[PDB]
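# Working through the structure, step by step
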Amino acid sequence: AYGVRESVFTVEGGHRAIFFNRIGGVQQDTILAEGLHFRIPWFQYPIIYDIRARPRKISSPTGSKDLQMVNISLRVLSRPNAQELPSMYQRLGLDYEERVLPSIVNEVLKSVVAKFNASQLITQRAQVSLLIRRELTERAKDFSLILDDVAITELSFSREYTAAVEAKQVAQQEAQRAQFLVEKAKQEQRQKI
Amino acid sequence: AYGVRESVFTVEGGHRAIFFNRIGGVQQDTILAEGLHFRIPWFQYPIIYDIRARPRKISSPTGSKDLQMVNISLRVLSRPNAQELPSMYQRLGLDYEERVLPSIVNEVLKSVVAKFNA
Amino acid sequence: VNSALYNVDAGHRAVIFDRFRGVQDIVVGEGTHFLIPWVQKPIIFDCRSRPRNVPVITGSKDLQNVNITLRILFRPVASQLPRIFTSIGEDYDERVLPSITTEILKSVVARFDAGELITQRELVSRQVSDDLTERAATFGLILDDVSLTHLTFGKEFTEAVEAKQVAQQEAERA
């Protein structure tokens, strides 16, 4: 009863299993979907991959096309390509995400952010995000990774730039306030007369 | 005679009862008015809805038509539609008020307030 | 036989994980149902309008800081519950919404200035709803309500607005 339990494993929902076989190491054409499945107790070892969409947030300061400092946080939903799991284990192991994303995500995000200024970054956030997703998809395809979503969750600027923008809008409100000074000036004219 | 005591429930004072049945869950066309009612001890479970007018106060600062800050507190008397209680339980549970009003009341109140000056 | 019976509460659904067929493409409704005691297990998903609160500080089309809170009512599509369970997980909400809701809200808010944001709140909410519904449909989620519950601006801008209205009152006092 112990041996049989040693020969059966379970792969849960959203997970897959590949086999490291002592005869030829990783089995190149064996990806096990949900179920029970059976393994030879000593020859075959199961490696379990979570193939569900996984969130990762990369937050970094980069430069806009004017070298302006942009604090950008990008959230990506990435998953391992289930049809290429064996090779992935041979090439990236179980830390594929930590091996790949901290480089491709950073480089793609910053290179794309460098194509726009602050105003374009804020007012075209969706288009910037889609460009980042396209480039990230092309780059992560080489590592048998799949991008489900790319979201620019944070996009802020330096203290000085924020203060200048607020000052500009304060000036707009002051221009609107100046209209009531004309109404007051009419009464002041009457008072003078 | 504890079983008979367990097979009877009272719905009182402007309340209503719906049935969660183990043979299909919520029963779509069973809303029980005030009184004493009988439930199958295991199959049927009663869910009691207070269908009386209920006060809720939403107090918030919003912007007027000129973006001026307006501290507005709105009191609403809301109740669940008694003719649609089953569906509500399937869709909102017993905290329908906290699920719905904190959003629709806020948005409607502030959007309307933005149509007027002080 | 209690281990062979499972209860799907009101407003809930269950995806059946079978040890010899995987997750079943069909979803069982509410009530008490029979399963094979050990060969099958249920995963229970809330098929109710759940509220999510999203307070953000973003930029308008003029880039000025806007404190905007979006409250949404979301629910998984029952027919897609199996796929979701095998694609995103049981915590799909905390995996999906934090990205799509935030990005859609900020991208839409960047289309309007403060005046439009406040005086056209309904249009802003409608556009946020359109974008969020489109994006969430690809994750098997449905939106029951999209609401802009809170919307304020920076300290200096609010001071300037109050000064403008004070100027109007002073014109009246004249």
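Under the annotation held in the PDB entry, chain C carries the name Prohibitin 1 and is attributed to Homo sapiens. The title given to this entry in the Protein Data Bank is "The human PHB1/2 complex (closed)".

Chain B carries the name Prohibitin-2 in the PDB entry, which gives Homo sapiens as its organism.

### A word on the interface of chain A and chain C
Each partner contributes residues to the interface: chain A has 45 residues there, and chain C has 46 residues. Of the roughly 3600 Å² buried between chain A and chain C, counting both surfaces, carbon and sulfur atoms make up 60%. When the buried area of chain A at its contact with chain C is split by residue, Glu166, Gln173 and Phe180 of chain A rank highest and sum to 16% of it. Inspection of the region where chain A meets chain C yields 3 salt bridges. With a shortest N-O distance of 3.5 Å, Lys41 of chain C and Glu12 of chain A are connected by a salt bridge. Linking chain A with chain C are 17 residue pairs in polar contact.

### Notes on the pattern of salt bridges
Taken as a whole and assessed by the stated rule, the structure comprises 29 salt bridges over all chains. Residue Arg56 of chain A is joined to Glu97 of chain A by a salt bridge in which the shortest nitrogen-to-oxygen separation is 3.0 Å. Taken together, the positions of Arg56 of chain A in strand 4 (residues 54-63) and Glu97 of chain A in helix 3 (residues 96-113) put the pair 41 residues apart, joining distant regions of the chain. Across this residue pair, the class does not change: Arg56 of chain A and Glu97 of chain A are buried. Put simply, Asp131 of chain C and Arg111 of chain C hold a salt bridge, and the shortest N to O gap is 2.9 Å. Here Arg111 of chain C lies in the loop between helix 2 (92-109) and helix 3 (114-119) and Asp131 of chain C lies in helix 4 (residues 121-137), a separation of 20 residues in the sequence. Overall, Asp131 of chain C belongs to the partly exposed group, its relative accessible area being 26%. Take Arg111 of chain C: its relative accessible area is 37%, and that puts it in the partly exposed class. One network of salt bridges, with partners in common, ties together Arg54, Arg56, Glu97 and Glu98 of chain A.

### Points about a nonpolar patch on the surface
Taken together, the side chains of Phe20, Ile23, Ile40, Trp42, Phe43 and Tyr45 of chain A define a hydrophobic patch exposed on the protein surface, amounting to about 620 Å² of accessible area. Relative to the helices and strands, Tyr45 of chain A is located in strand 3 (residues 44-50).

### Here's the deal with the packing of aromatic side chains
Residue and element names in this part refer to chain A. Scanning the model with the defined rule gives 13 aromatic pairs over all chains in all. Taken together, a centroid distance of 5.8 Å and an interplanar angle of 20 degrees make the contact between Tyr49 and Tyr96 stacked. Note that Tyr49 is positioned in strand 3 and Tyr96 in helix 3, a separation of 47 residues in sequence. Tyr96 matches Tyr49 in its accessibility class, with the two residues each being buried. Clustering of aromatic rings is evident, with ring pairs tying together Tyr49, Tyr89 and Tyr96.

Parameters at a glance
- Residues numbered from 1 in each chain as written, not as in the entry; some residues may be left out.
- Chains lettered and ligands numbered in written order.
- Part of a larger assembly, values for the part shown.
- Heavy atoms only, no water.
- Contact = heavy atoms within 4.5 Å.
- Buried area = accessible area lost by both parts, 1.4 Å probe.
- Salt bridge = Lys/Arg side-chain N within 4 Å of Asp/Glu carboxyl O.
- Polar contact = N/O pair within 3.5 Å; in protein donor to acceptor, adjacent residues only side chain to side chain.
- Helix = DSSP H or I, 4+ residues; strand = E, 2+ residues; numbered from the N terminus.
- Buried < 20%, exposed > 50% of the residue type's maximum accessible area, 1.4 Å probe, protein only.
- Patch = residues over 30% accessible without salt bridge, like charges linked within 9 Å, V, L, I, M, F, W, Y side chains within 5 Å.
- Areas by Shrake-Rupley, 256 points an atom, 1.4 Å probe, with all protein chains shown as cover.
- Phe/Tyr/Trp six-rings, centres within 6.5 Å; stacked < 30°, edge-to-face > 60°.

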